[PDB]
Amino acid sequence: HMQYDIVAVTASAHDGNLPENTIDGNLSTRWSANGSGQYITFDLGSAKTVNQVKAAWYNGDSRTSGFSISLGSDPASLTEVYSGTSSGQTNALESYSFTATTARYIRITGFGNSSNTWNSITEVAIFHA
């Protein structure tokens, strides 16, 4: 089981809850961006075999959040590998697994949540599981 370093994080938008808060190891710090279609992009630094993305959701034990995962070598031309809704049943890292493929960049696109239009993520980790 491999956990890859995330060398950089960017995002479409944020409200002062920075993108890099998703890789600080702290469930009390988050990235937040308001509105369906906002996204956050994780850079592995080079192309790696990836088959699993874990995300911990803000208020993750009290609301469900819609999202998709896309990956690839070109941020402008990523491929969607996963689409779903967070469980609403834990604040912990939740695993979203998919057929193994190569990627330098992993993007999470959020569609808001069952309470409001925000996309708020406390932690992300990216694996070859």
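Residues carry their position along the shown sequence, with the first being 1.
Taking the mean of the C-alpha B-factors per stretch from the entry, tell me the winner out of 67-75 and 24-32. The deposited B-factors put 67-75 ahead on the C-alpha mean.
Chain-wide C-alpha B factor ranking for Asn116, given as lowest, middle or highest third: Highest third - that is where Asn116 ends up once the chain's C-alpha B-factors are sorted.
Can you tell me which third, lowest, middle or highest, the CA B-factor of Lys54 falls into for its chain? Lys54: CA B-factor falls in the lowest third of its chain.
Record-listed C-alpha B factor of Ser46: chain third: Its C-alpha B-factor belongs to the highest third of this chain's values.
Cα B factor band for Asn91 (lowest, middle or highest third within the chain): Within its chain, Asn91 is a middle-third residue by C-alpha B-factor, going by the deposited values.
Going by the recorded CA B-factors, say which third of the chain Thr102 sits in, lowest, middle or highest. It belongs to the highest third of the chain when residues are ordered by C-alpha B-factor.
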